[PDB]
Amino acid sequence: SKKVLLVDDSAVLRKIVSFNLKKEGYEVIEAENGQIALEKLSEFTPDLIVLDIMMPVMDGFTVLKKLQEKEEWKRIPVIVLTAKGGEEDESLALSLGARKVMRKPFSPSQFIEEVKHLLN
Ligand SMILES: [Mg+2]
């Protein structure tokens with residue numbers, strides 16, 4: 001089974017996304033902010049990170065920056081999943097090492113297809 005680290009400050013969002021990921025046979029590890037994410041990332045290297053932008057303590061842009069500065073982290077694929085739209089958010093996220101940027105409210109089928117693109 002592939003392992004996905006799901007990083008979002010919304011418990012409701014994490015519930016929905018984890019449910020959809022598990023249906024595909026993936027195993028999910030959760031983090032409610034960027035700091036928690038990096039703490040868990042010190043322990044293991046997931047096959048994929050799904051990453052929110054707007055979070056307390058440490059936001060998604062900061063996470064992306066920190067992933068790039070470590071040899072162990074810089075190759076992990078990241079799909080940014082965020083309520084925020086606009087070219088600037090997309091450009092910044094990609095410039096900091098995100099693979100894909102997707103918008104909330106999330107379309108489960110489109111999301112899962114992209115996850116599949118990167119994993120299988
Ligand atoms: Mg958020």
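Residues numbered from 1 in each chain as written, not as in the entry; some residues may be left out. Heavy atoms only, no water.

With that out of the way, let us pick up the UniProt feature "binding site: Mg(2+)" (unreviewed entry) in the chain. What UniProt calls "binding site: Mg(2+)" (unreviewed entry) maps, in this numbering, to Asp8, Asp9, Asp52 and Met54. For this annotated set, covering 47 residues, all C-alpha atoms fall within 8.2 Å of each other, a compact arrangement in space. In this structure, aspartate 52 sits in the loop between β3 (48-51) and α3 (60-68). Counting through the fold element by element, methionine 54 comes out in the loop between β3 and α3. The residues contacting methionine 54, other than those within four sequence positions of it, are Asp9, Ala83 and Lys84. (UniProt positions renumbered as here; feature names shortened; annotations may be inferred. Helix = DSSP H or I, 4+ residues; strand = E, 2+ residues; numbered from the N terminus. Contact = heavy atoms within 4.5 Å.)

A separate point is the side chain of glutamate 114. Following the sequence through the fold, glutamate 114 ends up in helix α5 (residues 108-119). We note that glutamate 114 is buried and unpaired, the nearest opposite charge coming from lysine 100 at a distance of 4.7 Å. Among residues more than four places away in sequence, those in contact with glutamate 114 are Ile79, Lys100 and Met102. (Buried < 20%, exposed > 50% of the residue type's maximum accessible area, 1.4 Å probe, protein only. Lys, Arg positive; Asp, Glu negative; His and termini not counted. Salt bridge = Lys/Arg side-chain N within 4 Å of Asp/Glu carboxyl O.)

What follows is about the UniProt feature "domain: Response regulatory" (unreviewed entry) in the chain. In the numbering used here, UniProt assigns the "domain: Response regulatory" (unreviewed entry) feature to residues 3-119. Taken as a whole, residues 3-119 contains 44% helix and 20% strand, while its terminal C-alpha atoms sit 10 Å from one another.

Considering all chains together, one arrives at eight salt bridges under this definition. Between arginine 14 and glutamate 30 there is a salt bridge, with its nearest N and O atoms 2.8 Å apart. Of the two residues, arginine 14 sits in helix α1 (residues 11-23) while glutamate 30 sits in strand β2 (residues 27-31), which places them 16 residues apart along the sequence. With its nearest N and O atoms 3.4 Å apart, the salt bridge here joins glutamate 24 to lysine 116. One end of the pair, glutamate 24, is in the loop between α1 and β2; the other, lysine 116, is in helix α5, with 92 residues separating them in the sequence. Classification of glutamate 24 as partly exposed rests on a relative accessible area of 36%. Assessed through its relative accessible area of 30%, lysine 116 is described here as partly exposed. Each of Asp8, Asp52 and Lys104 takes part in a single network of salt bridges with overlapping partners.

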